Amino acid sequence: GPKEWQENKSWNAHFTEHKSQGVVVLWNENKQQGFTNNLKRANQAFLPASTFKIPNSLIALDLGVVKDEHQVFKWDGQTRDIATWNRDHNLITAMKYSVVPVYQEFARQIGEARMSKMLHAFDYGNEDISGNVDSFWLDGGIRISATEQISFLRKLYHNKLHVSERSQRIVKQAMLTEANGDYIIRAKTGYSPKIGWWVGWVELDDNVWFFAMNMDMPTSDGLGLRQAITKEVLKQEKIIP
């Protein structure tokens, strides 16, 4: 009989076309079956980098560190490399522009004790916050695989995480990336030395496709490949036109 995770190695052509390697993991919610080009890499755990903004947002909201998605967090005045960071942000734009210093302040206000407790409740990756509370997802001990990202995202989609429904709805709003008459994408990118991420889902009229992809990234060039390669897989599988 059929397997929970089916391997489709033909997607490697989309990584090969761009002289890269990685994994795309898809989960068809209606069919309760998953698909990936590399079963092994689907289960390899990596630093989450900026994809950690999803659980960080949930915890910050549930504890009231963030009151709502409209609350303004003033620029601390320090000019950083990414120009979109040097301005005031709310939760919506802090996600969209992946504004690390805003999220570092969230993490410091959450604190290590509550951060560890929440990640355990979320069953998130290896749950290891060793390092600094404001950088463990960038250079500390936490590791999460693409399949673990799917499991976490499915809980979020269904409001099943151990935080309020409100917190989950707000974060899903903040994840909005693209919407048209054909589909809605809610997702979060990430990048740390040598690995780029894109995780999220595609909402259709009568199904949801969760996705988690990571790929080798020798430099910061080709960050757009994260979405481009994923979309090539989504197009091949007739999920988007």
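Note that residue numbering follows the sequence shown and begins at 1.
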**Request:** Indicate yes or no: is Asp221 absent from the model in at least a third of the other PDB entries of this protein that were compared?
**Result:** yes
**Message:** Using only C-alpha atoms and the B-factors in the entry, which stretch averages higher, 184-192 or 211-219?
**Reply:** 211-219
**Message:** Mean CA temperature factor from the deposited coordinates, higher in 170-178 or in 30-38?
**Reply:** 30-38
**Peak C-alpha temperature factor (PDB record), options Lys160, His120, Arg108, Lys74** = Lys74
**Item:** Candidate set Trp137, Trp85, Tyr103, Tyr124 [ranked by C-alpha B-factor, highest]
**Value:** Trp85
**Fill in**
Chain-relative C-alpha B factor for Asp205 (record values, thirds): the middle
**Item:** CA B-factor placement of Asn90, once the chain's modelled residues are sorted into thirds
**Value:** middle
**Item:** CA B-factor placement of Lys53, once the chain's modelled residues are sorted into thirds
**Value:** lowest
**Request:** Report the third (lowest, middle or highest) to which the CA temperature factor of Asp81 belongs, ranking only the modelled residues of the same chain.
**Result:** highest
**Fill in**
Of the three thirds of the chain ranked by Cα temperature factor, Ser130 occupies the highest
